[PDB]
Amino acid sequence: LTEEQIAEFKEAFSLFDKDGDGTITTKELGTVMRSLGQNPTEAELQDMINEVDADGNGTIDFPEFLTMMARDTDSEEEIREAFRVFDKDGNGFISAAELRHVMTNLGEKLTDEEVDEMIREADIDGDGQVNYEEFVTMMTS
């Protein structure tokens, strides 16, 4: 992973590490995955933990989190799928109401204006919605 990419994953990691000590468990891992439309079982989570949990306590730091993430056509297929997590009805555009759903699922607090503001700033063409290319451009800023 590049220098830019590692910094963006660190901020993402803070949604997992809500109490802010630099540490993850299976509880955190599960909560966040479900809140984005995924249902991993207890054993699946524990099985993935083992990869980089040298000391058998069930804890994980950020750099270990990155290698737990590591595995040709697969890259773009993942960014397409990330977009569809936001675009719930699959019509090709992210609406204010859809962003808010994602936002609030992840425990973020903001007003409905603030949701509209996030849409407006990501909206290059100015149609009040966020398509795939605007989503990618924002992710890459």
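Rigid core (definition): largest C-alpha set, two forms, superposition within 1.5 Å. One rule holds for the numbers: they count along the sequence shown, beginning at 1.
- Between 51 to 59 and 93 to 101, the larger mean CA deviation from the shown form in 5 other deposited structures of this protein, after core superposition, belongs to 51 to 59.
- Between 77 to 85 and 40 to 48, the larger mean CA deviation from the shown form in 5 other deposited structures of this protein, after core superposition, belongs to 40 to 48.
- In none of the other PDB entries of this protein that model the residues around it does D112 lack coordinates, well short of a third.
- Modelled in this chain, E28 is likewise resolved in all the other entries of the protein that span it on both sides, not missing from even a third of them.
- Mean CA B-factor, 127 to 135 versus 21 to 29: the higher value falls on 21 to 29.
- If you average the C-alpha B-factors over 5 to 13 and over 115 to 123, the higher value belongs to 5 to 13.
- Looking only at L110, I94, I49, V102, the residue with the top Cα B factor in the deposited structure is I49.
- Per the PDB record, residue ranking by Cα B-factor puts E44 in the highest third of the chain.
- Per the deposited record, the Cα B-factor of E81 falls in the middle third when ranked against the other modelled residues of its chain.
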